[PDB]
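S.K.: Quick one: the structure is below, questions incoming.
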Amino acid sequence: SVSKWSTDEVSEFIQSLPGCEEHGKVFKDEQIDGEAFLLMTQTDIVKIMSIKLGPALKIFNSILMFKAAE
């Protein structure tokens, strides 16, 4: 599941979200593997990763759904 995703697997997933293709690199650069991905907050995405609210909302909502699947 998401918790075992590699750093490449998270970056690929983020690029698969609509309007989020540009953000694969920053996630890979910050070494966001699946375990770290599920710990992220919205503020982490918006402020620390410098991602706009639109794509941040799609990313964060995905985190929330994947955590809810555990």
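Here, each number is a calculation from the coordinates, and none is a lab measurement. Heads up, the Cβs are rebuilt from the backbone with ideal geometry, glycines too, and the neighbour counts pull from every protein chain shown.
S.K.: Touching a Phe, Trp or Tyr at 6+ places or on another chain (Cβ under 8 Å), among the aliphatic types (A, V, I, L, M) and assigned to a helix (DSSP H, G or I): is that true of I59 in this structure? Step through it out loud before you land on a result.
M.R.: Numbers: touching a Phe, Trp or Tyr at 6+ places or on another chain (Cβ under 8 Å): no; among the aliphatic types (A, V, I, L, M): yes; assigned to a helix (DSSP H, G or I): yes.
For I59, the condition - touching a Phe, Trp or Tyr at 6+ places or on another chain (Cβ under 8 Å), among the aliphatic types (A, V, I, L, M) and assigned to a helix (DSSP H, G or I) - is not met.
S.K.: Would you say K67 is over 15 Å from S1 (Cα atoms), out of contact with any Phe, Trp or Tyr (no Cβ under 8 Å at 6 or more places or on another chain) and of a type in the set (D, E, K, R)?
M.R.: So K67 does not fit the description; no.
S.K.: Out of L17, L64, which single residue is of a type in the set (A, V, I, L, M, F, W, C), surrounded by fewer than 18 Cβ atoms within 10 Å (Cβ to Cβ) and touching a helix residue (DSSP H, G or I) at 6+ places or on another chain (Cβ under 9 Å)?
M.R.: Details: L64 fails: touching a helix residue (DSSP H, G or I) at 6+ places or on another chain (Cβ under 9 Å).
Result: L17 is the single residue among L17, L64 that is of a type in the set (A, V, I, L, M, F, W, C), surrounded by fewer than 18 Cβ atoms within 10 Å (Cβ to Cβ) and touching a helix residue (DSSP H, G or I) at 6+ places or on another chain (Cβ under 9 Å).
S.K.: Further question: For segment 39-51, which positions are surrounded by 14 or more Cβ atoms within 10 Å (Cβ to Cβ) and free of Cβ contacts under 8 Å to residues at least 12 places away in the same chain?
M.R.: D44, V46
S.K.: Here's a follow-up. Sort through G24, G54, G34 and tell me the only one that's more than 21 Å from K4 (Cβ to Cβ) and either touching a strand residue (DSSP E or B) at 6+ places or on another chain (Cβ under 6 Å) or in contact (Cβ under 8 Å) with a residue 12 or more places away in the chain (or both).
M.R.: Going through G24, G54, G34 in turn, just one is more than 21 Å from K4 (Cβ to Cβ) and either touching a strand residue (DSSP E or B) at 6+ places or on another chain (Cβ under 6 Å) or in contact (Cβ under 8 Å) with a residue 12 or more places away in the chain (or both): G54.
S.K.: Count, please, the residues in segment 15-47 that happen to be of a type in the set (D, E), in a helix (DSSP H, G or I) and either more than 13 Å from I59 (Cα to Cα) or within 9 Å of the chain's Cα centre (by Cα) (or both).
M.R.: Here the count works out to 2.
S.K.: Sticking with this one: Give me a count of the residues in segment 1-14 that are assigned to a loop (DSSP other than H, G, I, E, B) and exposed (fewer than 13 other Cβ atoms within 10 Å of the Cβ).
M.R.: Going through segment 1-14 one residue at a time, the tally reaches 2.
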